[PDB]
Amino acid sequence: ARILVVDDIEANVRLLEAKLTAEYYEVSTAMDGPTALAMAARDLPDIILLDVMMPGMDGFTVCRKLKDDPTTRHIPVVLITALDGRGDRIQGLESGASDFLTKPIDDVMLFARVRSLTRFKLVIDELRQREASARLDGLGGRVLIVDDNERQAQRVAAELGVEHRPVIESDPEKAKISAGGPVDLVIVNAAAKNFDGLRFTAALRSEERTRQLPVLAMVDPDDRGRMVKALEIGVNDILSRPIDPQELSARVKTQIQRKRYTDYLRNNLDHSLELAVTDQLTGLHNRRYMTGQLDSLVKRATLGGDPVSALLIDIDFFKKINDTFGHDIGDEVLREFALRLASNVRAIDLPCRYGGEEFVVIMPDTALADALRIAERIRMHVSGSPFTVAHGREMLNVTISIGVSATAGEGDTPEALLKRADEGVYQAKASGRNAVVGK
């Protein structure tokens, strides 16, 4: 993940760059507003860490200008404030900040925030891609406060009561049940007295029903060990006590919006028919699945290595099957054909349904010479045995034409590889039927 760090003092920038690079992050740096705005639009980073106090262009202005640009509006921005930054955080939210860090930088809080917002960036990126080809803000959620400190829980619920729908639970047993219902966020007190909030959190993560339910832990800043333990158990992010209203607002909004993005992408859009990856008739994968996998396969082959082979199989005279036996028997033949095809090719290969009665087999780490002999093996297994249909009442023979291609070259592309296999099929169809042709 790529992080942009912005601070007027070079020593602050180098210190953060060293810490983040040690944790396997790709870090760029800027030391004033104009350069940071130019870098963000040019490089399009994943997260921006931004100091609020800089000469000339303050961080608030940089944040506002990042949200004005439509190409950088989606990039999470973290504002680094000072100890007493209540006013800064208030103006930070108005400027459009995602969350906050306070200096001097606490390493646990630093990486906790980065890890949370990088995961959010992943769903942000995915949602934008699908939108290019439903409540999606972070407000109005049911937030479950699990805490035995009444004064604290009531204060948290009051702060959350204007933007969300808060609910308090002192008993952990009742909280487990409520947490299994329509709950958007759980705020648990790590420093609880009558129950182990960390044990409670671990119970949530063990059950599949609640394994991905967002959890925020209220932690004591003196006890660093409990902070690390909570993050290890699987808490999404932590809130230092006493609870800051602006930090509470930001962190809750991030978790609820991340949840809604994920559920919308997985429950609605993934189950839609335009984005499906498996053919319902044959049970094989479709072209959408194949294209994604073939992209990486061809890219690796172009760098020098074992090539990728492609088999395009087309059933000969499939109309006649539908005309003589009916469309339902035709569907029986396609299902039985798909079973035979997958059974006689490696599970590491990609036998997919390419067209209506056309199939594709992508064979990684395979050369053209072998692919031609493999196509011959496939043809003999599907054409050598008859297809029994109509609950055993009818027997039918089938023949197929195959076109074969392999990825040889530095600038080869998935489209060129398949276009070369198409020609194989068209030439195999022209010169009779039941043949293999390699181009």
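When you see a residue number, it is the position in the sequence shown, counting from 1.
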Between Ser133 and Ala134, what class does the number of missing deposited residues fall in: none, 1 to 3, 4 to 9, or 10 or more? 10 or more
323-331 or 260-268, whichever carries the higher mean Cα B-factor: 323-331
When the Cα temperature factors in the entry are averaged, is it 226-234 or 78-86 that ends up higher? 78-86
Can you tell me which of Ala179, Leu341, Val123, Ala276 has the maximum CA B-factor listed in the PDB entry? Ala276
How does the C-alpha B factor of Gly197 compare with the rest of the chain: lowest, middle or highest third? middle
Compare the C-alpha B factor of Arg64 with those of the other modelled residues in its chain, then answer lowest, middle or highest third. lowest
Sorting the chain's modelled residues by C-alpha B-factor, tell me whether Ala22 ends up in the lowest, middle or highest third. middle
Comparing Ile243 with the other modelled residues of its chain, is its CA B-factor in the lowest, middle or highest third? middle
Just say lowest, middle or highest third for the CA B-factor of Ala430 relative to the other modelled residues in its chain. highest
